[PDB]
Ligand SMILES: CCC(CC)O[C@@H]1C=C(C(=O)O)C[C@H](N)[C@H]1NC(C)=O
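Next up: just one chain, as structure tokens, the form solved without the named molecule.
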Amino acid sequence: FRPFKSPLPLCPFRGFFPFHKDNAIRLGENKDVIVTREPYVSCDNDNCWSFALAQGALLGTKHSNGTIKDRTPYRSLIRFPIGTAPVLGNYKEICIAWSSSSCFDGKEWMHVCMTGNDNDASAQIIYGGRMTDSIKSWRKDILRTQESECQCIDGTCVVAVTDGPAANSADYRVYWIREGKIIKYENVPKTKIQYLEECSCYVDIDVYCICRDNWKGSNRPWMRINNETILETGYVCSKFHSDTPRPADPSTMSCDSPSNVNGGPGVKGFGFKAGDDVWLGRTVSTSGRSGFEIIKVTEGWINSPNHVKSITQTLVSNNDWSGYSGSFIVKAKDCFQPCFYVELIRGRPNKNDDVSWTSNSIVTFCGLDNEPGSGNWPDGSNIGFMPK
């Protein structure tokens, strides 16, 4: 018997520390590793797990040629031990999916899995391994979800779902799901947020989601959500923006609207509110998906003339490829510890990755109330050693 996960505050932290790293591309040199992208991490009562969207092919085989393609019927959400490379001998297949989210409610896993035609997709809700509910595409344009962990409070899980065009109009919703049954949904208000995709969420009493505006905002949109409703929305105030591409630091402080510059295409990313301050992950490059750093911006959560980057940890050098990044939480004593993963994409379309496939490895970090050291934890593969 296990209770449902509760609404705990975020633990205090002052830096991020290297946790797990899978070295999946390096370890895939002899064709053992499953091709993936859009990885994330989520934990149950006992263990943290790696999740990713597999491509139904082994890295370096002929079927891996062309895996830059985002949506195929051969993509499945898979789970494998955290920090391990995904191989046929260690993975589990969760569901057929080209977009997904997963979260553990304290008793069972819930997953949200989208698959099917772009104009007629459906999301399958899996709870305790059983398919319990579904969502039908209502805008017939790539029904899609977080690509990282959802969050559950007192038995009700909250997940962000989008249907509609990129870089233009589109519907953005939150769904509330309890024991695998959809309870209700809300259309996200568009008073502030103009575009929202690929939300990265965590719990700090309430659920906070920091997402991707792929049209007009180089600043990230966000929502605060509880077990019943959407409480607040906005864009991250920080004049130091954290999407990619983005303007050079320092840029504009826009708490209530997109920056209206360098809006697309964006990249999935995350952040953590801490009092009036905010921590934001971002690529080191302002233009491309290279490097990864996390910054703390003093008073960055609020409207203030005092935004300053008080801390910058460079975790993946700008000479190394990155990709999506997302938040996850780990229960501590009476608080949730903030953690994140970084997707390290290798292959197409990265300049000079002369192989025909596209895949990734993973690195992860967790927050502690201690001072960090420094290092660099990139994918580490020599692309010239790899089967093409």
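Residue numbers run from 1 along the displayed sequence.
Another form, the form deposited with the named molecule bound, is not on view; read the next lines as being about it.
Chemist: Three or more ligand atoms within 2.4 Å of backbone or C-beta counts as blocked, none as open; so place the named molecule from its pose in the entry with it bound by superposing the site C-alphas and call it.
Modeler: Pocket open on this form.
Chemist: Residue-level question: is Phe104 within 4.5 Å of the named molecule in the entry with it bound, judged on heavy atoms?
Modeler: Close contact is absent here: in the entry with it bound, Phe104 is far from the named molecule, nothing within 4.5 Å, heavy atoms only.
Chemist: Do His307 and the named molecule come within 4.5 Å of each other in the entry with it bound, heavy atoms counted?
Modeler: Result no; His307 lies far from the named molecule in the entry with it bound.
Chemist: At 4.5 Å between heavy atoms, is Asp70 in contact with the named molecule in the entry with it bound?
Modeler: Yes, contact at 4.5 Å.
Chemist: Heavy atoms within 4.5 Å of the named molecule in the entry with it bound: does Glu197 have any?
Modeler: Yes, contact at 4.5 Å.
Chemist: The named molecule isn't shown here, but in the entry with it bound which of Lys273, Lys216, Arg289, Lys239 has a heavy atom within 4.5 Å of it?
Modeler: Here the answer is residue option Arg289.
Chemist: Identify which of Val188, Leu315, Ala85, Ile142 has a heavy atom within 4.5 Å of the named molecule in the entry with it bound; exactly one of them does.
Modeler: Flagged contact: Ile142.
Chemist: Looking at 130 to 138, 276 to 284, 197 to 205, 251 to 259, which lies within 4.5 angstroms of the named molecule in the entry with it bound, counting heavy atoms?
Modeler: Stretch with heavy atoms near the partner: 197 to 205.
Chemist: What residues, if any, in 81 to 102 have a non-hydrogen atom within 4.5 angstroms of the named molecule in the entry with it bound?
Modeler: Sequence-ordered list: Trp98, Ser99.
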